[PDB]
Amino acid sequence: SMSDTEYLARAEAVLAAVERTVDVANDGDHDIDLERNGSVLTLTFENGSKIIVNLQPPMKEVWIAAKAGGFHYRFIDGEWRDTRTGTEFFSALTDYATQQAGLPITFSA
């Protein structure tokens, strides 16, 4: 269809925030491989496991694919919420990334 730049600005800002937090983690005790390609951010942990954060423009969503599964987030009333459970994006990502890093990594707005 037509690009929705209001959606893209918000969704791209999520990818960027995630990348900055990983950069900080990598300054310290972490070694997470990070790749940003198009609208896809791929994190590869030291144990070889992965988390991908990406855009789904057709539903104006941001998605996570992690060891725990695949989760979809829509921006509703000021924040990104899991379309099934309502769980807020950064809290879920923190949970999944901490599981996979074996060392806390704290994502926060």
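We number the residues from 1 along the sequence you see.
Averaged over Cα atoms, the B-factor as recorded in the entry is higher for 44 to 52 than for the other of 44 to 52 and 66 to 74.
If you average the C-alpha B-factors over 81 to 89 and over 6 to 14, the higher value belongs to 81 to 89. Annotation for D23: C-alpha temperature factor in the middle third relative to the rest of the modelled chain, per the entry. When the modelled residues of the chain are ordered by C-alpha B-factor, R36 sits in the middle third.
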